[PDB]
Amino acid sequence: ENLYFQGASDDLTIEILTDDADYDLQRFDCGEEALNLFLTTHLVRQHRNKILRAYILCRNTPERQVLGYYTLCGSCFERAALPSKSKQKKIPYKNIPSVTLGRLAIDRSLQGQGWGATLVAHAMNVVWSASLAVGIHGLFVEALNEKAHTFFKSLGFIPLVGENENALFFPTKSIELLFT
């Protein structure tokens, strides 16, 4: 149909965290305090020391106000052939190489306007290019909140069945089909 995907503008850009920053992290506020302290206290130093890869959503003005962010880090999970509630009970399992979407926060002022989805689309595309280079099978996410959990589910993230009941996965095969 006359069906389009709309990404980041030049007014509000998504870019990987820079070497020299000049970002206004002091004004950012999403719902959760945890994701707020992380941004101002840990994000820049964890990115520098390559503990994670930080991508920022910012105003592209001289002040450079941060209005959202996300993090990516190589991960792995065991994929059982059937739901195995008791770990390693002769049920087949492969180790699935994935990328974990560790954090995802959007400023309250921007929430519910499609920016969370646009950042997810950005992450999916970063994972997709990397998959074709080194072999990554998807985007993993452990959703704390119920509001966060329904958000990932909506976008087509498969809720995984396991001992922990908050994990979701978006396969690379599915990302392939998004970008054709």
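All residue numbers are counted from 1 along the displayed sequence.
Stretches compared: 28 to 36, 150 to 158. Higher mean C-alpha B-factor in the entry: 28 to 36.
According to the PDB record, 19 to 27 carries the higher mean C-alpha B-factor of the two stretches 6 to 14 and 19 to 27. Take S131, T118, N60, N125 and read off each C-alpha B-factor from the entry; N60 has the highest.
Looking at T71, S75, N95, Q88, the one whose CA carries the top B-factor in the deposited record is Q88. Per the PDB record, residue ranking by Cα B-factor puts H42 in the highest third of the chain. Ranked against the other modelled residues of its chain, the C-alpha B-factor of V66 as given in the entry falls in the middle third. In the PDB entry, a CA B factor belonging to the highest third of its chain's modelled residues is recorded for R108.
Looking at the C-alpha B-factors along this chain, the one for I51 belongs to the middle third.
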